[PDB]
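Participant: Below is one structure. I have some questions about it.
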Amino acid sequence: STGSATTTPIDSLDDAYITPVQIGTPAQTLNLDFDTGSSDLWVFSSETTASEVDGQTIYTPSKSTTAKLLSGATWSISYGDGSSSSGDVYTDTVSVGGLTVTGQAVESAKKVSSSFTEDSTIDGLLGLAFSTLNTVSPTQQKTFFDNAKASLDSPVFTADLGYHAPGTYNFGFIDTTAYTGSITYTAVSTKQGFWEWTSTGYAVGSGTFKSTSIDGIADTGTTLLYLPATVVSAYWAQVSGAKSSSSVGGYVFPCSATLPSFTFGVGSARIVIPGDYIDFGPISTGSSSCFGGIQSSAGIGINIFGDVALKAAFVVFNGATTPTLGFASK
Ligand SMILES: COc1cccc2c1CNC2
Ligand SMILES: COc1cccc2c1CNC2
């Protein structure tokens, strides 16, 4: 089997991407944030504290003839920004782009933190990291991809995020029309439960490529590109007036600037992020200071190849017995 679903930016900045997912019988369609940096499929639901729902579409398990409470199971998760959610668990039928999993753990939110409430466009998350990170207790649950894998034509999914435009998540096959050149594959460590890999270096604009190993994670659920302070300083030094602002929380730059591109290495291959992808717009409405899309990882403890990087590539998440990642230009 295979599946194919369109993923759409939630706003004009590509702050996140939502993909429609069918849950239950009859189907209830929710728009979920596919997150290769976590491993829980959780949704706003009829159980979510009412004051914490503000426009999201909710899953109502009582209206699904295939929903079954997973007795005794609870979940609770905290994300990189300090946001969080928690609740109980059902199993139900879940379909993505024509690919159906029965008995998928659907984690029903009883509580969500303010950043989730305030984003009416995201009805939940669909985790695509390794199932060892799933937070369900006392019986850990498998991700949608893990549950589908044996049925797929090939044990893979691909992320093809758009720049200010829709893109695609495919399950079970590699669309050879979706990229240019060849896909370069690189080793993955699953020891932290992430799609963790080592980039071979970087270049800023038309500058020379610096060969240096940068370990990081391929994370569709993080907006920006977080890299070591040395790398990020080298990038923003090429932008007149750019500076790191503690009050804003990162590098900012004059909105009048034209940003240089940023290249990262995948083995001997190179992925080029155009400068426009690094512009995240005014820090507040009407400001002439703009927020940068490349930021320091120094406070985070890990480098993160988020959407800014991933959207410049066609990305293969290969879930074979020995997982690997593939990147192609497009
Ligand atoms: C602080 O941010 C982190 C840190 C570790 C792992 C992840 C994130 C975001 N998604 C996965
Ligand atoms: C992984 O996705 C995350 C992570 C943290 C906070 C938020 C999202 C989506 N909107 C708020």
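In this analysis, Cβ positions are derived from the backbone assuming ideal geometry, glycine residues included, and neighbour counts consider all displayed protein chains. The values are calculated or read from the model by the stated rules, or taken from the named source; none is laboratory data.
Participant: With respect to the numbered conditions (1) within 16 Å of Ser46 (Cα to Cα); (2) surrounded by fewer than 19 Cβ atoms within 10 Å (Cβ to Cβ); (3) not aliphatic (A, V, I, L, M), which one is the sole condition not fulfilled by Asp88?
Facilitator: Among (1) within 16 Å of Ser46 (Cα to Cα); (2) surrounded by fewer than 19 Cβ atoms within 10 Å (Cβ to Cβ); (3) not aliphatic (A, V, I, L, M), the lone unmet condition for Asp88 is (2).
Participant: Ok, one more. Please list, ordered by first then second residue, the pairs with beta carbon atoms under 9 Å, 6 or more apart or interchain, first in the stretch 88-107 and within 19 Å of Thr19 (Cα to Cα), second basic (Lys, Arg).
Facilitator: Listed pairs, sorted by first residue: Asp92/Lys68; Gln104/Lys142; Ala105/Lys142.
Participant: Related question: Step by step: first the residues of the stretch 48-72, then only those that are in a strand (DSSP E or B) and in contact with a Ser or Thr (Cβ under 6 Å, 6 or more places away or on another chain), then the one that is surrounded by the most Cβ atoms within 10 Å (Cβ to Cβ). Which residue is that?
Facilitator: If we filter the stretch 48-72 for residues that are in a strand (DSSP E or B), which is where we start, we get 59, 68-72.
Checking the rest, the ones that are also in contact with a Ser or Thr (Cβ under 6 Å, 6 or more places away or on another chain) come to 59, 68, 70.
Details: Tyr59: 29, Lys68: 12, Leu70: 20.
It comes out as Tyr59.
Participant: While we're on this one: From the list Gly216, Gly249, pick out the single residue that is surrounded by fewer than 23 Cβ atoms within 10 Å (Cβ to Cβ), within 16 Å of ligand 1 (Cβ to nearest atom) and under 24 Å from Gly80 (Cα atoms).
Facilitator: None of the others qualify; the one that does is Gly249.
Participant: Continuing with the same structure: Determine which member of the set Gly207, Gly167, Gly127 is buried (at least 20 other Cβ atoms within 10 Å of the Cβ) and away from ligand 1 (no atom under 16 Å from the Cβ).
Facilitator: On the way: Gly207 fails: buried (at least 20 other Cβ atoms within 10 Å of the Cβ); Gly127 fails: away from ligand 1 (no atom under 16 Å from the Cβ).
Exactly one of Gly207, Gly167, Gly127 is buried (at least 20 other Cβ atoms within 10 Å of the Cβ) and away from ligand 1 (no atom under 16 Å from the Cβ), namely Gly167.
Participant: Okay, moving on. Going residue by residue through the stretch 231-245, is there one that turns out to be of a type outside the set (A, V, I, L, M), within 16 Å of ligand 2 (Cβ to nearest atom) and in the same structural domain as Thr186 (by CATH)?
Facilitator: No, because not a single residue in the stretch 231-245 is of a type outside the set (A, V, I, L, M), within 16 Å of ligand 2 (Cβ to nearest atom) and in the same structural domain as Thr186 (by CATH).
Participant: Could you check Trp197 against (1) over 17 Å from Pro274 (Cα atoms); (2) in a loop (DSSP other than H, G, I, E, B); (3) assigned by CATH to the domain that holds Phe317 and say which number it fails?
Facilitator: Going through the list (1) over 17 Å from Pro274 (Cα atoms); (2) in a loop (DSSP other than H, G, I, E, B); (3) assigned by CATH to the domain that holds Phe317, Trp197 breaks only (2).
Participant: Of everything in the stretch 28-65, what is away from ligand 1 (no atom under 16 Å from the Cβ), under 25 Å from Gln140 (Cα atoms) and among the hydrophobic types (A, V, I, L, M, F, W, C)? Give them in sequence order.
Facilitator: Hits for the stretch 28-65 are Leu30, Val43, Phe44, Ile58.
Participant: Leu224 is checked against (1) of a type outside the set (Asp, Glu); (2) more than 16 Å from ligand 2 (Cβ to nearest atom); (3) touching a helix residue (DSSP H, G or I) at 6+ places or on another chain (Cβ under 8 Å) and fails just one. What number does that condition carry?
Facilitator: (2)
Participant: Let me ask something else. Do the conditions hold for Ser12, that is, is it part of a loop (DSSP other than H, G, I, E, B), under 30 Å from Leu225 (Cα atoms) and either outside the structural domain of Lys191 (by CATH) or within 16 Å of ligand 1 (Cβ to nearest atom) (or both)? Break it down into steps so the answer makes sense when it comes.
Facilitator: Working: part of a loop (DSSP other than H, G, I, E, B): yes; under 30 Å from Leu225 (Cα atoms): yes; either outside the structural domain of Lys191 (by CATH) or within 16 Å of ligand 1 (Cβ to nearest atom) (or both): yes.
Criteria met by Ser12.
Participant: Please tell me if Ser45 is crowded, with 23+ Cβ neighbours inside 10 Å, away from ligand 2 (no atom under 16 Å from the Cβ) and assigned by CATH to the domain that holds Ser113. Can you show your working first?
Facilitator: On the way: crowded, with 23+ Cβ neighbours inside 10 Å: yes; away from ligand 2 (no atom under 16 Å from the Cβ): yes; assigned by CATH to the domain that holds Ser113: yes.
So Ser45 fits the description; yes.
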